[PDB]
Structures are given as structure tokens and as C-alpha cells.
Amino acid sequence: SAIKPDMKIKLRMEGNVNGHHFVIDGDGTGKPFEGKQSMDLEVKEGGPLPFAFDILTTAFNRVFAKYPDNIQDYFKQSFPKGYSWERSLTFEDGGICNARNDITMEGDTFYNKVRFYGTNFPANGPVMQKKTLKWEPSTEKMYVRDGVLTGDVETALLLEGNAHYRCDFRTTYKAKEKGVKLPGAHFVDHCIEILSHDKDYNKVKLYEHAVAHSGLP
């Protein structure tokens, strides 16, 4: 195995939401085989961000997911050469984002080149007014569509005042190496949380736990 039980994470995100430019660096560690990761994020340019930090967090690697023996693990078999993903996020009030990550490995470290582009967020909506509290736990449906591994998430952000703000994500995943075999259809359960933050979310500690399963308990 190329992948160790303890791996470092290095990340740079460049992006624009509703015209606002920003650059965010990340440093972290995780346990690929237990499906757990945490990372420290720091806004380097464009802070304080004028939109809900929460919209970025699913962009800050399905290598961090506990896969049982009976599901093909496309992500761990992609290394050391690595893989990319592209994601479209569609929010219920017309906000739309496109994100991508190119993931590489050098020694004990995953490097992440992340881009995040958002537009059409209404000025009076929860993203631009900073009314989000968290992502609900979610299930990602994994299947093959025209020869490409595809994940669908139907999820929601909890808002201030007991309301939910619905999001649908579609992610396409592509190994750099031709001839990594596609998996069968399956599920990955996700829980993402902000563990700590400073006043304007210039510094954030982020955690994710993910488990692959075939639907049964």
C-alpha cells in the first residue's frame, strides 16, 4: 500500500463567490483507513469573508473514507499518481457553485489544488447574510454514468431559526492512471463539522468522518 495509516494534508484554495476573491491555506492530518481527517484552515487573502464559511467546507478527499472489503476503493487505488474531482452545488434559492480538486501525493502528504467559484447568491439570502449553522449528516450515492464514477448528495444547511437551506451536489471523480477499475454502486455516509473558529472565520478547525456501505446495517 502507497497510503500509510497516518497521512498529512496540505491544501490551497483559490476562489471567488459573488465577485469576492479569496485564498485559503490548509494544514492537517487524517487516518485514511478509519475515514477520519481534521485540518486547520487560514484565510490568507480577501478576509474577513463576506459569505457563510460553511459553503466552502465540503471542498476542503474520498481517500478519507472507511471502505469495507466487499466494495472496490477507487480512491486508495488511485495513488500514488492521484485523482481529480469536479463538483456542481445547486442551492434552493438559485445560488450555484463549481468546485474542483486535483489531489497528488508526495511521501506521507496529500497535496490539494482547490478552486471554488460561486455566483447568483441573493444579497438578502442566508449565505451572503451569514445565517448558516452547519451541514446535516449526508449520504453520497456512488454509481457509474457514461464510464465516469459519479456521486450525488441531496443535503441541507441548518439555518438560524429552525430552517433548512437545501443543496444538491453532483461530483465526478477521475483517476490520473487509465485502468484503475471502476467500483460497483455504493453509499458513503458523511459527517462534517467545524470544531472551532475565530471571530470572522479567518481560522477554522474542520473535521470529517466518512464510511462506505452497501445500504444494510
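Residue numbers here begin at 1 and follow the sequence given.
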With respect to the deposited sequence, how many residues separating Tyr173 from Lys174 are not represented by coordinates: none, 1 to 3, 4 to 9, or 10 or more? none
On average, which has the higher Cα B-factor in the deposited entry, 174 to 182 or 146 to 154? 174 to 182
Look up the CA B-factors in the entry and say which stretch, 156 to 164 or 61 to 69, has the higher mean. 156 to 164
Taking the C-alpha B-factors as the PDB entry records them, is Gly118 in the lowest, middle or highest third of its chain? lowest
Using the B-factor values recorded in the entry, state whether the Cα atom of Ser84 falls in the lowest, middle or highest third among the modelled residues of its chain. middle
In terms of the CA temperature factor given in the entry, to which third of its chain does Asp200 belong: lowest, middle or highest? highest
Considering only modelled residues of the same chain, in which third does the CA B-factor of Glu34 rank: lowest, middle or highest? highest
What third of the chain does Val211 rank in for C-alpha temperature factor, lowest, middle or highest? middle
